[PDB]
Amino acid sequence: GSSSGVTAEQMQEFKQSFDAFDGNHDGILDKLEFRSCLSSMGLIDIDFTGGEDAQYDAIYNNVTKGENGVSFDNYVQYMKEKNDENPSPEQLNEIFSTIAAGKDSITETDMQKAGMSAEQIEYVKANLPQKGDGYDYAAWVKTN
């Protein structure tokens, strides 16, 4: 609903992530155990001694919109948000369509010259077939 775009793998792992704490294993988790989850994860405890679990509630406030508990949207939003904050090499796909645009083959001179340095080069050519020089970025397209 909120950030819609979860994958099937997550539906298994994130499920394990709550299941470790939550014994209802429904696909949703209650406040109490999700509290234990975030506590054992090294995130939350009752820092402000006086408010009844208020540190969680301030976060719960963000995870729940008009629901109660951390359900399929709610939970995943909280988790994925915290994952989305860490970028992947996804943007490099766009970059390949910037440089190697119209081509199948992406060479040294496609990447190195375009500011993409050695650490990237070796990664790109490890994931994308080293077809001489001029890596097959179209592996992502053709599946090869």
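Results for (1) closer than 20 Å to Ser3 by Cβ; (2) not assigned by CATH to the domain that holds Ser17; (3) not in a helix (DSSP H, G or I), shown as yes or no for each residue.
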| site | (1), (2), (3) |
| --- | --- |
| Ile46 | no, no, yes |
| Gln55 | no, no, no |
| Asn61 | yes, no, no |
| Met79 | yes, no, no |
| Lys103 | no, yes, yes |
| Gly115 | no, yes, yes |
| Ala126 | no, yes, no |
| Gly132 | no, yes, yes |
| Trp140 | no, yes, no |
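Conditions tested, residue by residue: (1) of a type in the set (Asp, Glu); (2) surrounded by fewer than 12 Cβ atoms within 10 Å (Cβ to Cβ).
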| position | (1), (2) |
| --- | --- |
| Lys31 | no, no |
| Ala54 | no, no |
| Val63 | no, no |
| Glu67 | yes, no |
| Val70 | no, no |
| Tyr78 | no, no |
| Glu90 | yes, yes |
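Residue by residue through region 126-144, note down the ones that are among the polar types (S, T, N, Q) and within 25 Å of the chain's Cα centre (by Cα). It would help to see each step written out before you state the result.
The first filter runs over region 126-144 and keeps only residues among the polar types (S, T, N, Q), leaving 127, 130, 143-144.
Within region 126-144, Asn127, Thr143 qualify.
Could you tell me whether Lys125 is more than 23 Å from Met11 (Cβ to Cβ), charged (D, E, K, R) and in contact with a strand residue (DSSP E or B) (Cβ under 6 Å, 6 or more places away or on another chain)? Spell out the reasoning first.
Numbers: more than 23 Å from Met11 (Cβ to Cβ): yes; charged (D, E, K, R): yes; in contact with a strand residue (DSSP E or B) (Cβ under 6 Å, 6 or more places away or on another chain): yes.
It is true that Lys125 is more than 23 Å from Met11 (Cβ to Cβ), charged (D, E, K, R) and in contact with a strand residue (DSSP E or B) (Cβ under 6 Å, 6 or more places away or on another chain).
Positions of Cβ are generated from backbone atoms using ideal geometry, with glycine treated the same way; all protein chains shown enter the neighbour counts. All of this is worked out from the model, or read from it or from the source named; no laboratory instrument gave them.
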